[PDB]
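Only one structure is covered here, and it is reproduced in the block below.
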Amino acid sequence: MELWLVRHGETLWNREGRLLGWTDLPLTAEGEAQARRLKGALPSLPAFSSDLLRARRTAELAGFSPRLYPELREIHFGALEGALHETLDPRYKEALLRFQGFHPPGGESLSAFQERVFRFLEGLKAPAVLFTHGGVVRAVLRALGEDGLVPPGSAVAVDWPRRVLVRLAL
Amino acid sequence: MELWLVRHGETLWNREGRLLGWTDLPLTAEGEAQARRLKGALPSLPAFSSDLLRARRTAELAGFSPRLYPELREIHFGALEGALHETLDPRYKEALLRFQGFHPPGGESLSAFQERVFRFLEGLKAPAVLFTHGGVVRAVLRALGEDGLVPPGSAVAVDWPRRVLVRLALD
């Protein structure tokens, strides 16, 4: 079943290199421009979106009116929200790289995060466009055996749960 | 899974251009003619149909004895029921055109409509013929990435939830 995973436009923490999870940052001017460009590429399928501002605004600027689901949120980094990726304790860097064994204080475990994301995905009953976050897109791509890193404001279409259909980066 | 969806025959509000949702209108003479032409053109599979008259009657004239399900009904337009499409406020016109963010007072939102329709399709265990409405066919075709408008009394076959197989219209 066709699903479009869209990573929201950039926020200030993207250029700053800070972990961005449940901190509700707005899009930058460029992030808004990225969202607008998506209007000319994304298919008009039922839309869903993380309830965080940056995702909602990306959906809006891309020409969609999404049903909001917190299950589509990026992982909650807890005390690590806003932390510079460069200064993270090696244990955290390692976990984020290998995509396993990550449980920030006051946040969600990478395991609970994935459980939340896939429960949502398996619940879908028709093709859809999903406005979400880098970590969510990464989880889905890795589940299909692919590298999950995609730029802000870009998207990847997948034939869930079989394979990746195409990547779209502007 | 192979599913055949049939848009019921025309009613007076088709030529009139009025939003027809849960208003239970009958088929016109031409509407019955369209339904009769479907007999012998649709596959022999279990049949399901919206419980609204126009749909049930289409199924009947097409040679089927479907189990009735309100879940196959057209979207509930609420206060907009019977409204001339031509005179709808821009917000509603655009919402229906772009098939998104439609919240009619006293009716069903497009999101609620889609959830209802898709939940029903998910429950189907095997191939079947579904006698339904223009909006339902439109939601399905659009979800499959194609233009969703089809003529009254016409049908489409899809491999749900993957692709459209064929569109069938008769004269």
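Protein chains in written order, with the deposited numbering: chain B, 1 to 170; chain A, 1 to 171.
No residue lacks a Cβ here, since even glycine has one placed at the ideal position from N, Cα and C.
Cutoff 8 angstroms: residue i Cβ touching any chain B Cβ
i: A:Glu30; result: no
i: A:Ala126; result: no
i: A:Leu88; result: no
i: A:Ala143; result: yes
i: A:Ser111; result: yes
i: A:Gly107; result: no
i: A:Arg7; result: no
i: A:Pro161; result: yes
i: A:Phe118; result: yes
i: A:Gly101; result: yes
i: A:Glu122; result: yes
i: A:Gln34; result: no
Own chain, CB closer than 6 angstroms to residue i, minus 5 neighbours either side, in chain order
i: A:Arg37; result: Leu170
i: B:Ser109; result: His103
i: A:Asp51; result: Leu68, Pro70
i: residue 172 of chain A; result: Limits of chain A in this structure are 1 at one end and 171 at the other, which puts residue 172 of chain A out of reach.
i: B:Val6; result: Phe131, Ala155
i: B:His85; result: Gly17
i: A:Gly101; result: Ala95
i: A:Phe77; result: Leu19, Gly21, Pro104, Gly107
i: A:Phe113; result: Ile75
i: B:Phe64; result: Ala47
i: B:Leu80; result: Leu19, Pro104
i: A:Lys39; result: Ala62, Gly63
Where the beta strand (DSSP E) containing residue i begins and where it ends
i: A:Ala47; result: 47-49
i: B:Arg7; result: 2-7
i: A:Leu130; result: 128-132
i: B:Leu38; result: Unbroken run through B:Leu38 is the alpha helix (DSSP H), 29-38; no beta strand (DSSP E).
i: B:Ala157; result: 155-159
Below-8 angstroms beta-carbon distance, residue i vs any chain A residue
i: B:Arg67; result: yes
i: B:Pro43; result: yes
i: B:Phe64; result: yes
i: B:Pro46; result: yes
Unbroken alpha helix (DSSP H) run spanning residue i, endpoints
i: A:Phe120; result: 110-123
i: A:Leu19; result: Per DSSP, A:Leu19 belongs to no alpha helix (DSSP H) and is neither H nor E.
i: A:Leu96; result: 90-97
Chain-order list of residues whose beta-carbon lies under 7 angstroms from that of residue i (same chain, five-residue window excluded)
i: B:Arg138; result: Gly148, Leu149
i: B:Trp160; result: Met1, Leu3, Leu121
i: residue 171 of chain B; result: Outside the shown range of chain B (1 to 170) lies residue 171 of chain B, about which nothing can therefore be said.
i: B:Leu144; result: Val158, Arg163, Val164
i: residue 177 of chain B; result: The structure shown has nothing for residue 177 of chain B, since chain B only spans 1 to 170.
Sequence-distant residues of the same chain with beta carbon closer than 8 angstroms to residue i, five excluded per side
i: B:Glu10; result: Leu27, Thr28, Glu30, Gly31, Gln34, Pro152, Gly153
i: A:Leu168; result: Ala41, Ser154, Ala155, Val156, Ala157
i: B:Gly82; result: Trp13, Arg18, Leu19, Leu20, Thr23
i: B:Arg119; result: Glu71
i: A:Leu25; result: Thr11, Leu12, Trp13, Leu53, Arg54
i: B:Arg142; result: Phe99, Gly148
i: B:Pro90; result: none
Per DSSP, cross-strand counterpart(s) of residue i
i: B:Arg142; result: DSSP lists no partner for B:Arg142.
i: A:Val166; result: A:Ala157
Threshold first: 4 residues or longer. Then list the alpha helix (DSSP H) segments lying entirely within the region 54-85 of chain B, N to C.
Qualifying alpha helix (DSSP H) stretches: none in this window.
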